[PDB]
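Asker: Sharing a structure here in structure tokens format.
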Amino acid sequence: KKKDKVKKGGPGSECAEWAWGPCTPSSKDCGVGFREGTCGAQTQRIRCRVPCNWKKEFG
């Protein structure tokens, strides 16, 4: 019962700038969505809400 839930599971905050890639709906397509990247000698993900832009504009 462990699908590597990368969504939520730990905070970890450091290097405001930090090469922070955009978020990603590890599960649905928005709801929860953590970005992911590197700062200096660390690296990891952090959640971020997502406006369900699966289509970025349905029409």
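The numbering of chain A matches Swiss-Prot: 23-81, in order.
Heads up, the Cβ atoms here are built off N, Cα and C, so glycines get one too.
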Asker: Look at the disulfide annotations in Swiss-Prot and name the partner of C74 from this list: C52, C61, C70.
Answerer: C52
Asker: State the disulphide partner of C70 as given in Swiss-Prot, choosing from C45, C61.
Answerer: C45
Asker: Quick one, of the disulfide-bonded residues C45, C61, which Cβ has the fewest other Cβ within 10 Å?
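Answerer: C61, out of the disulfide-bonded residues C45, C61, has the fewest neighbouring Cβ atoms within 10 Å.
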Asker: Quick one: what's DSSP say for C52 (disulfide bond), helix, strand or coil?
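Answerer: The residue in question, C52 (disulfide bond), is coil (DSSP, three-state).
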Asker: Using C-alpha atoms only, work out the spacing between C45 (disulfide bond) and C37 (disulfide bond) and round it to an integer in Å.
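Answerer: Here the two Cα atoms are 17 Å apart.
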Asker: Which disulfide-bonded residues (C37, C61, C70) fall within 10 Å of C52 (disulfide bond) by Cα distance?
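Answerer: Checking each Cα against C52 (disulfide bond), the hits are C70.
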